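Reading through the structure tokens given below for one structure.
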Amino acid sequence: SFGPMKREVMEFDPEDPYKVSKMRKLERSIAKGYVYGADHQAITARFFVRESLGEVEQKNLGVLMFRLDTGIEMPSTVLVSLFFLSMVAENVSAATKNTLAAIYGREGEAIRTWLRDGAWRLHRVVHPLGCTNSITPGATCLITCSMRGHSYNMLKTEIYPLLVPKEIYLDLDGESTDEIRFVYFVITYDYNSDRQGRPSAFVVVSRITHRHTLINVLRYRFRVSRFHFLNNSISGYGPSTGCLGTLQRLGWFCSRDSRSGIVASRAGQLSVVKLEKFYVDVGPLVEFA
Amino acid sequence: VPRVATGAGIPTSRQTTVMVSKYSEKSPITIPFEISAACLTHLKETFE
Amino acid sequence: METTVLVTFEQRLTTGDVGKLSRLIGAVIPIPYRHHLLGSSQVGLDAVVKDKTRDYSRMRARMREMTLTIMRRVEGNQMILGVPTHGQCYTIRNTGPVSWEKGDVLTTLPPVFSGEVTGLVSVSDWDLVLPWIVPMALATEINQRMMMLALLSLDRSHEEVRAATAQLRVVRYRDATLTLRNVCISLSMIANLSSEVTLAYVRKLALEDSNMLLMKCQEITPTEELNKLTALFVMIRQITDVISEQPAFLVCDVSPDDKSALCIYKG
């Protein structure tokens with residue numbers, strides 16, 4: 001009669017999860033010409049980045065961005081690359097540290113040496129923001145940063161990889177196989193003298209998905225820091241420190257694509273690890289000890 | 001309002017549209033004039 | 001497009017009150033349980049903020065059960081809501097006391113009436129008291145201040161300990177300052193019982209040491225033996241239920257005037 005004839009119309013929209021997204025994008029691509037940014041299951045965001053922060057990320061494309069909780073109220077949020085906090089971690093060779101300290105450091109950075117090495121990492125200043133595509137060099141660098149999904153050129157023309165530097169990677173490179181490979185991100189402290197240590201950063205890949213079975217393979221690596229973590233528990237009574245390690249999901253990639261590379265930048269080059277089909281997927285913090 | 005934007009990284013605005021309204025100001029005029037009660041009586045009393 | 005929850009206005013929402021709901025188009029909504037029709041008495045957090053003996057964590061144990069939902073549009077007699085698809089971006093409205101910044105992880109917390117007691121479009125005791133979508137590192141911070149004030153709450157009789165509490169409820173974050181029981185029993189059962197029960201277990205394990213860490217770990221009735229460890233581990237479960245704040249968003253970019261922020265939804 002009336003009721004059931006209307007409900008056939010809301011039933012028989014089959015073969016698609018809604019056919020609400022796909023059809024209504026087309027009725028605005030017929031309206032406005034072929035629209036970009038619409039055939040995009042991955043998820044991006046445009047960010048205002050200064051010229052003194054604009055480097056690297058601009059030239060070679062597809063790389064991590066990090067927020068700062070810098071303890072100064074006026075520039076309280078400074079963008080940080082995964083290349084950038086290599087001048088903080090203990091893992092990075094001092095040549096490799098001062099290679100990129102001379103890339104960034106040209107008269108618009110070196111506060112951020114003094115307010116990351118000095119204003120120490122509490123592993124809460126850094127926030128995994130995401131990976132880049134399509135830098136906009138102009139009066140202001142304007143980085144389209146991907147959030148969930150792959151980093152890629154518009155027009156789906158080229159998958160942008162994840163540019164992991166070599167020093168932060170091979171000290172926690174996983175085991176060798178050909179599967180899917182989750183990228184985790186680990187900050188470990190060596191509590192020795194200076195209230196945080198020299199806060200060591202790691203990009204760790206592993207086939208392991210589960211949480212405590214993943215920190216157990218870190219319980220292999222980090223006894224040198226873990227025995228020092230127990231040390232300041234008794235070296236200082238009243239003062240305490242915090243976390244030993246800090247684990248969070250960062251994304252994944254296809255694991256046959258894991259191959260070395262290099263960036264070709266100012267102040268010399270920089271040996272990196274190129275992770276091609278990098279689905280960016282940020283996870284929560286796992287504070288452990 | 002018209003729109004224009006430019007360049008790369010130059011801060012572009014979002015499409016402004018303004019709706020304004022101008023209220024009334026009122027000054028009413030009034031003017032007296034005198035007619036004698038003796039004057040209006042001749043219209044009425046209407047002698048021989 | 002997405003999931004839909006309709007809210008039937010049991011109370012008469014005046015067009016001016018609709019004018020305040022039509023300003024909160026982006027804002028989150030605490031829903032008690034996923035269902036397509038809900039009352040306005042269901043929708044919102046006022047059914048959680050209501051008891052003579054109700055504690056902060058017990059409300060947080062209730063709100064952790066409540067499904068987060070996002071305002072979609074207010075059409076007169078109805079409020080249309082969307083249960084957010086995990087991983088998608090959502091324009092949520094910064095109705096917390098904290099300015100958000102690009103890249104931060106946002107956590108839902110119950111609103112505290114300590115110096116910032118707030119209501120909403122209220123009629124007949126129902127307002128739409130809205131949870132503080134607060135950054136995650138401050139969400140753990142707020143939790144820790146509440147427990148340490150409560151751990152020091154028994155020793156009000158010392159003014160110096162009261163002066164320790166006087167610093168303690170001062171919470172200060174980026175561009176924001178705000179003022180702030182069995183959970184603290186749960187803190188104390190772990191603090192006292194792990195002090196006593198570990199000594200017969202460190203001296204037995206410290207011989208074999210694979211990670212080489214039991215060595216300075218020493219530097220740091222079987223029915224009643226297990227009864228301690230049972231009521232050790234179960235109180236550890238009770239505190240971890242009210243510690244792990246289950247992160248709710250990730251602000252990618254913030255809309256100007258700090259009213260809104262596009263937030264990719266996580267967890």
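Starting from 1 in every chain, residues are counted up; chains themselves are A, B, ... following the order of the structure tokens, and ligands are numbered from 1 as listed.
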Near stretch 17-21 of chain B, within 12 Å and counting only C-alpha atoms, which residues show up once chain neighbours fewer than 4 positions away are dropped, as number ranges by chain? B: 1-3, 13
Can you pull out every residue from stretch 74-226 of chain C that DSSP, working from the backbone, puts in strand (DSSP E or B), and format the result as a compact mmCIF listing (two decimals) with N, CA and C atoms, in the first residue's frame?
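Ended up saving to result09.txt:
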# COMPACT_ATOMS: atom_id res chain seq x y z
N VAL C 74 20.52 19.75 14.99
CA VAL C 74 19.38 19.90 15.87
C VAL C 74 18.23 20.40 15.02
N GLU C 75 17.27 19.53 14.77
CA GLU C 75 16.09 19.89 14.00
C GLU C 75 14.93 19.95 14.97
N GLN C 78 13.87 17.39 17.53
CA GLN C 78 14.83 16.30 17.57
C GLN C 78 16.26 16.79 17.56
N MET C 79 17.12 15.97 18.16
CA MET C 79 18.56 16.09 18.10
C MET C 79 19.09 14.87 17.35
N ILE C 80 19.85 15.09 16.30
CA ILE C 80 20.40 14.00 15.51
C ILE C 80 21.86 13.80 15.90
N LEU C 81 22.22 12.56 16.20
CA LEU C 81 23.54 12.23 16.72
C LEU C 81 24.21 11.20 15.83
N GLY C 82 25.53 11.21 15.85
CA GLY C 82 26.28 10.19 15.14
C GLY C 82 27.27 9.50 16.05
N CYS C 89 37.74 11.39 10.68
CA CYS C 89 37.82 12.73 11.24
C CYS C 89 36.46 13.27 11.64
N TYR C 90 36.43 14.03 12.74
CA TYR C 90 35.21 14.58 13.30
C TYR C 90 35.50 15.97 13.85
N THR C 91 34.63 16.92 13.53
CA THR C 91 34.73 18.29 14.04
C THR C 91 34.04 18.32 15.39
N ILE C 92 34.81 18.15 16.45
CA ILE C 92 34.24 18.23 17.78
C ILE C 92 34.53 19.61 18.34
N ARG C 93 33.73 20.01 19.32
CA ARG C 93 33.71 21.37 19.81
C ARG C 93 34.39 21.44 21.17
N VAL C 105 46.32 14.28 21.86
CA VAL C 105 45.38 13.18 22.08
C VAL C 105 44.38 13.62 23.13
N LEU C 106 43.10 13.50 22.81
CA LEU C 106 42.03 14.03 23.65
C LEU C 106 41.33 12.91 24.40
N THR C 107 41.07 13.14 25.68
CA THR C 107 40.46 12.16 26.56
C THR C 107 39.20 12.76 27.18
N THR C 108 38.13 11.99 27.20
CA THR C 108 36.90 12.39 27.86
C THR C 108 37.04 12.24 29.37
N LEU C 109 36.62 13.26 30.12
CA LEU C 109 36.55 13.22 31.57
C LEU C 109 35.25 13.86 32.04
N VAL C 123 15.95 22.65 31.48
CA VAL C 123 14.55 22.81 31.86
C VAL C 123 14.09 21.51 32.51
N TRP C 126 16.96 18.78 33.86
CA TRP C 126 17.80 18.20 32.83
C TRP C 126 18.50 19.32 32.08
N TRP C 132 34.42 17.08 29.71
CA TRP C 132 35.62 17.81 29.35
C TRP C 132 36.45 16.95 28.42
N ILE C 133 36.43 17.28 27.13
CA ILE C 133 37.34 16.63 26.21
C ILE C 133 38.69 17.27 26.45
N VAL C 134 39.50 16.61 27.28
CA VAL C 134 40.72 17.19 27.82
C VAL C 134 41.89 16.45 27.17
N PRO C 135 43.05 17.08 26.98
CA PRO C 135 44.24 16.33 26.55
C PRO C 135 44.61 15.19 27.48
N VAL C 170 45.96 22.99 42.32
CA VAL C 170 46.22 24.03 41.34
C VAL C 170 46.72 23.31 40.10
N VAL C 171 45.89 23.29 39.07
CA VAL C 171 46.19 22.56 37.85
C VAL C 171 46.34 23.57 36.73
N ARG C 172 47.48 23.53 36.05
CA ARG C 172 47.88 24.59 35.16
C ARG C 172 48.45 23.97 33.90
N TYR C 173 47.85 24.29 32.77
CA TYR C 173 48.20 23.67 31.51
C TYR C 173 48.35 24.81 30.52
N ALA C 176 45.46 27.74 30.46
CA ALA C 176 44.34 27.29 31.27
C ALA C 176 44.80 27.01 32.69
N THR C 177 44.04 27.50 33.66
CA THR C 177 44.20 27.15 35.06
C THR C 177 42.85 26.73 35.62
N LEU C 178 42.84 25.63 36.37
CA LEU C 178 41.61 25.15 36.97
C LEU C 178 41.93 24.58 38.34
N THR C 179 40.91 24.53 39.18
CA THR C 179 41.00 24.03 40.54
C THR C 179 40.33 22.67 40.60
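Relative to atom CA of residue C:26, atom CA of residue C:95 is found at 10.0 Å.
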Please report as an mmCIF file with C-alpha atoms, in the first residue's frame which residues of chain A come no farther than 6 Å from chain C, using only C-alpha atoms.
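Output file result-v3.cif follows:
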data_model
loop_
_atom_site.group_PDB
_atom_site.id
_atom_site.type_symbol
_atom_site.label_atom_id
_atom_site.label_comp_id
_atom_site.auth_asym_id
_atom_site.auth_seq_id
_atom_site.Cartn_x
_atom_site.Cartn_y
_atom_site.Cartn_z
ATOM 1 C CA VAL A 20 25.731 7.346 0.112
ATOM 2 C CA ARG A 67 54.212 17.984 17.942
ATOM 3 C CA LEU A 129 51.158 13.412 14.354
ATOM 4 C CA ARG A 223 68.380 -4.629 30.333
ATOM 5 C CA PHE A 227 69.182 -2.317 35.377
#
Work out how far atom CA of residue C:63 is from atom CA of residue C:22, in Å to one decimal.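 We find that atom CA of residue C:22 and atom CA of residue C:63 lie 24.6 Å from each other.
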Exercise answer, chain B residues close to chain A, 9 Å and only C-alpha atoms, as a list in words: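 That gives residues 7, 8, 9, 10 and 11 of chain B for chain B.
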Please list as a ChimeraX atom specification every residue within 10 Å of residue A:152, counting only C-alpha atoms and excluding residues in the same chain fewer than 2 positions away. /A:42,61-62,131-134,146,149-150,154-161,277-279
Hey, what's within 12 Å of residue A:211 if we count only C-alpha atoms and toss same-chain stuff fewer than 4 positions away? As a list in words, please?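 Surrounding residues, per the criterion: residues 184, 206, 207, 215, 216, 217, 218, 246, 247, 248, 249, 283, 284, 285, 286, 287 and 288 of chain A.
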Could those residues be written to a file, using N, CA, C and O atoms, as a PDB file, in the first residue's frame?
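Result file result_30.pdb:
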ATOM      1  N   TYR A 184      56.150   0.085  15.244  1.00  0.00           N
ATOM      2  CA  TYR A 184      55.969   0.673  16.557  1.00  0.00           C
ATOM      3  C   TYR A 184      57.036   1.729  16.775  1.00  0.00           C
ATOM      4  O   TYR A 184      57.992   1.852  16.009  1.00  0.00           O
ATOM      5  N   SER A 206      58.056  -5.034  13.923  1.00  0.00           N
ATOM      6  CA  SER A 206      57.946  -6.402  14.392  1.00  0.00           C
ATOM      7  C   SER A 206      56.703  -7.023  13.793  1.00  0.00           C
ATOM      8  O   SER A 206      55.714  -6.340  13.521  1.00  0.00           O
ATOM      9  N   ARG A 207      56.769  -8.335  13.597  1.00  0.00           N
ATOM     10  CA  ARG A 207      55.592  -9.094  13.217  1.00  0.00           C
ATOM     11  C   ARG A 207      54.618  -9.221  14.385  1.00  0.00           C
ATOM     12  O   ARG A 207      53.433  -9.492  14.167  1.00  0.00           O
ATOM     13  N   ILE A 215      56.621  -6.128  24.466  1.00  0.00           N
ATOM     14  CA  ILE A 215      57.548  -5.525  25.411  1.00  0.00           C
ATOM     15  C   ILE A 215      58.511  -6.564  25.970  1.00  0.00           C
ATOM     16  O   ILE A 215      59.580  -6.198  26.468  1.00  0.00           O
ATOM     17  N   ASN A 216      58.177  -7.855  25.867  1.00  0.00           N
ATOM     18  CA  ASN A 216      59.124  -8.884  26.274  1.00  0.00           C
ATOM     19  C   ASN A 216      60.312  -8.970  25.328  1.00  0.00           C
ATOM     20  O   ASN A 216      61.415  -9.313  25.762  1.00  0.00           O
ATOM     21  N   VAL A 217      60.129  -8.659  24.042  1.00  0.00           N
ATOM     22  CA  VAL A 217      61.296  -8.632  23.164  1.00  0.00           C
ATOM     23  C   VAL A 217      62.070  -7.339  23.345  1.00  0.00           C
ATOM     24  O   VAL A 217      63.217  -7.235  22.875  1.00  0.00           O
ATOM     25  N   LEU A 218      61.456  -6.353  24.014  1.00  0.00           N
ATOM     26  CA  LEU A 218      62.187  -5.197  24.507  1.00  0.00           C
ATOM     27  C   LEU A 218      62.874  -5.474  25.840  1.00  0.00           C
ATOM     28  O   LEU A 218      63.935  -4.898  26.117  1.00  0.00           O
ATOM     29  N   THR A 246      58.651   3.442  26.477  1.00  0.00           N
ATOM     30  CA  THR A 246      57.353   3.985  26.107  1.00  0.00           C
ATOM     31  C   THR A 246      57.024   3.538  24.695  1.00  0.00           C
ATOM     32  O   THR A 246      57.667   3.980  23.743  1.00  0.00           O
ATOM     33  N   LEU A 247      56.005   2.698  24.563  1.00  0.00           N
ATOM     34  CA  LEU A 247      55.678   2.022  23.319  1.00  0.00           C
ATOM     35  C   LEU A 247      54.373   2.568  22.760  1.00  0.00           C
ATOM     36  O   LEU A 247      53.425   2.812  23.509  1.00  0.00           O
ATOM     37  N   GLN A 248      54.325   2.752  21.442  1.00  0.00           N
ATOM     38  CA  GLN A 248      53.085   3.129  20.780  1.00  0.00           C
ATOM     39  C   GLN A 248      53.112   2.680  19.328  1.00  0.00           C
ATOM     40  O   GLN A 248      54.167   2.646  18.690  1.00  0.00           O
ATOM     41  N   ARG A 249      51.938   2.313  18.825  1.00  0.00           N
ATOM     42  CA  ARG A 249      51.805   1.966  17.418  1.00  0.00           C
ATOM     43  C   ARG A 249      51.970   3.209  16.562  1.00  0.00           C
ATOM     44  O   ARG A 249      51.491   4.291  16.907  1.00  0.00           O
ATOM     45  N   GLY A 283      48.798   4.666  17.286  1.00  0.00           N
ATOM     46  CA  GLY A 283      48.202   3.970  18.398  1.00  0.00           C
ATOM     47  C   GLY A 283      48.374   4.711  19.708  1.00  0.00           C
ATOM     48  O   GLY A 283      48.945   5.804  19.758  1.00  0.00           O
ATOM     49  N   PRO A 284      47.883   4.130  20.796  1.00  0.00           N
ATOM     50  CA  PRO A 284      48.000   4.773  22.104  1.00  0.00           C
ATOM     51  C   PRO A 284      49.349   4.505  22.755  1.00  0.00           C
ATOM     52  O   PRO A 284      50.085   3.591  22.383  1.00  0.00           O
ATOM     53  N   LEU A 285      49.654   5.329  23.753  1.00  0.00           N
ATOM     54  CA  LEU A 285      50.898   5.185  24.495  1.00  0.00           C
ATOM     55  C   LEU A 285      50.821   3.959  25.391  1.00  0.00           C
ATOM     56  O   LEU A 285      49.807   3.730  26.055  1.00  0.00           O
ATOM     57  N   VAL A 286      51.885   3.163  25.407  1.00  0.00           N
ATOM     58  CA  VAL A 286      51.979   2.080  26.378  1.00  0.00           C
ATOM     59  C   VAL A 286      53.176   2.373  27.265  1.00  0.00           C
ATOM     60  O   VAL A 286      54.320   2.064  26.912  1.00  0.00           O
ATOM     61  N   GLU A 287      52.929   3.010  28.401  1.00  0.00           N
ATOM     62  CA  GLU A 287      54.003   3.256  29.349  1.00  0.00           C
ATOM     63  C   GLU A 287      54.324   1.968  30.090  1.00  0.00           C
ATOM     64  O   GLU A 287      53.435   1.332  30.663  1.00  0.00           O
ATOM     65  N   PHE A 288      55.592   1.577  30.074  1.00  0.00           N
ATOM     66  CA  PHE A 288      56.016   0.350  30.725  1.00  0.00           C
ATOM     67  C   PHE A 288      57.370   0.587  31.374  1.00  0.00           C
ATOM     68  O   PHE A 288      57.958   1.667  31.263  1.00  0.00           O
TER      69      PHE A 288
END
Determine, counting only C-alpha atoms, which protein, DNA and RNA residues have an atom within 12 Å of an atom of residue A:83; residues of the same chain fewer than 2 positions away are not included. Present the result as an mmCIF file with C-alpha atoms, in the first residue's frame.
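Result file follows (part07.cif):
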data_model
loop_
_atom_site.group_PDB
_atom_site.id
_atom_site.type_symbol
_atom_site.label_atom_id
_atom_site.label_comp_id
_atom_site.auth_asym_id
_atom_site.auth_seq_id
_atom_site.Cartn_x
_atom_site.Cartn_y
_atom_site.Cartn_z
ATOM 1 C CA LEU A 53 61.001 24.192 10.170
ATOM 2 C CA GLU A 55 63.324 21.734 5.491
ATOM 3 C CA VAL A 56 63.953 18.032 4.801
ATOM 4 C CA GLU A 57 60.264 17.165 4.874
ATOM 5 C CA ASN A 60 62.208 14.411 0.324
ATOM 6 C CA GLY A 62 56.891 11.067 3.173
ATOM 7 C CA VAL A 63 58.259 11.332 6.708
ATOM 8 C CA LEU A 64 56.988 11.686 10.272
ATOM 9 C CA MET A 65 55.833 14.899 11.906
ATOM 10 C CA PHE A 66 55.785 15.364 15.692
ATOM 11 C CA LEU A 79 56.831 20.642 14.538
ATOM 12 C CA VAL A 80 59.470 17.901 14.850
ATOM 13 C CA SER A 81 60.499 15.383 12.212
ATOM 14 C CA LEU A 85 64.745 14.232 17.168
ATOM 15 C CA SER A 86 67.753 12.251 16.003
ATOM 16 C CA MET A 87 69.633 15.198 17.534
ATOM 17 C CA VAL A 88 68.169 14.133 20.909
ATOM 18 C CA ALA A 89 68.438 10.339 21.099
ATOM 19 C CA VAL A 92 72.244 8.416 16.862
ATOM 20 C CA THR A 96 74.700 11.543 12.195
ATOM 21 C CA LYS A 97 73.477 13.755 15.040
ATOM 22 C CA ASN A 98 75.507 16.741 13.832
ATOM 23 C CA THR A 99 74.747 16.050 10.180
ATOM 24 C CA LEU A 100 71.096 16.953 10.734
ATOM 25 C CA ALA A 101 71.919 19.438 13.483
ATOM 26 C CA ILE A 103 70.593 20.960 8.291
ATOM 27 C CA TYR A 104 67.944 22.283 10.657
ATOM 28 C CA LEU A 162 58.262 6.273 5.642
ATOM 29 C CA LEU A 163 61.774 7.708 5.901
ATOM 30 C CA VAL A 164 63.186 6.049 9.011
ATOM 31 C CA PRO A 165 66.810 7.052 9.705
ATOM 32 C CA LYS A 166 69.202 4.147 10.023
ATOM 33 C CA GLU A 167 70.468 4.714 13.575
ATOM 34 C CA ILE A 168 66.972 4.728 15.084
ATOM 35 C CA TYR A 169 65.946 1.568 13.197
ATOM 36 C CA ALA A 201 64.376 6.836 20.574
ATOM 37 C CA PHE A 202 63.601 3.823 18.408
ATOM 38 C CA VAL A 203 61.581 2.974 15.344
ATOM 39 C CA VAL A 263 68.175 11.331 1.525
ATOM 40 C CA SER A 265 70.051 16.992 1.687
ATOM 41 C CA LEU A 270 71.794 10.876 5.578
ATOM 42 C CA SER A 271 71.427 7.093 5.391
ATOM 43 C CA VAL A 272 67.780 6.125 5.902
ATOM 44 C CA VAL A 273 65.466 3.119 5.719
#
Would you work out the distance separating atom CA of residue C:148 from atom CA of residue A:194, expressed in Å to one decimal?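 Straight-line distance from atom CA of residue C:148 to atom CA of residue A:194 works out to 26.9 Å.
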